[PDB]
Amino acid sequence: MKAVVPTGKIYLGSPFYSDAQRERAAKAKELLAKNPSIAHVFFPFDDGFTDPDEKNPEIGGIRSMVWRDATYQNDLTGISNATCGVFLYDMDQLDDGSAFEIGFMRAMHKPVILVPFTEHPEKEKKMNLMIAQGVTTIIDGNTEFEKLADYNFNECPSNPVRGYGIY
């Protein structure tokens, strides 16, 4: 039913560093910030943990166990606090980090909104079975990205993946 106050706590999962992926993330935030059902949105790449005991932090380099633990935990905490996950899923360059989080969230029985993106719309539509079945709601990033703004995150109505070939 209608919520008395915003209840949606979003874990915004998404790959980063890549030009198009950052743009998607940025646009996702705007859209979500426009959603009245959202009480909070957590994006893993926003703020980060700084290990004072880490000389020259190499983004993409080895990285200390403390930073790794703290960063990984910040994400698990976001997943823990969240009521649902929204994943800007790159269908051209699959991100195992995001896939990991999708699996983790489904094991917690939390709803997962898949927002698939492809720069090759002409190519065959295929999806790993685990993603196609694990995801509870799909919102095409290429055609329905805007929906993230209207989607009722207080209840996260499901929408099973369909139309994708499965290997």
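Take the two forms, superpose them, and find the largest set of C-alpha atoms that agree within 1.5 Å; that set is the rigid core. The numbering used is simple: start at 1 and walk along the sequence shown.
The stretch that moves more in 4 other deposited structures of this protein, judged by CA deviation after a rigid core superposition and choosing between 122-130 and 105-113, is 122-130. In at least a third of the other PDB entries of this protein that model the residues around it, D47 has no coordinates.
Compared against other deposited entries of this protein, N56 counts as often unmodelled, lacking coordinates in at least a third of those that resolve the residues around it. When 66-74 is weighed against 129-137, 66-74 comes out higher, by mean CA B-factor as recorded in the entry. The PDB entry records a higher mean C-alpha B factor for 54-62 than for its counterpart among 38-46 and 54-62. Which of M108, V112, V115, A33 has the largest Cα B-factor in the deposited entry comes down to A33. Looking at the C-alpha B-factors along this chain, the one for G163 belongs to the highest third.
The entry lists a Cα temperature factor for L148 that places it in the middle third of the chain's modelled residues. In the PDB entry, a CA B factor belonging to the middle third of its chain's modelled residues is recorded for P157. Among all modelled residues in this chain, the alpha-carbon of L12 has a temperature factor (C-alpha) in the middle third.
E124: CA B factor lies in the middle third for its chain, per the PDB record.
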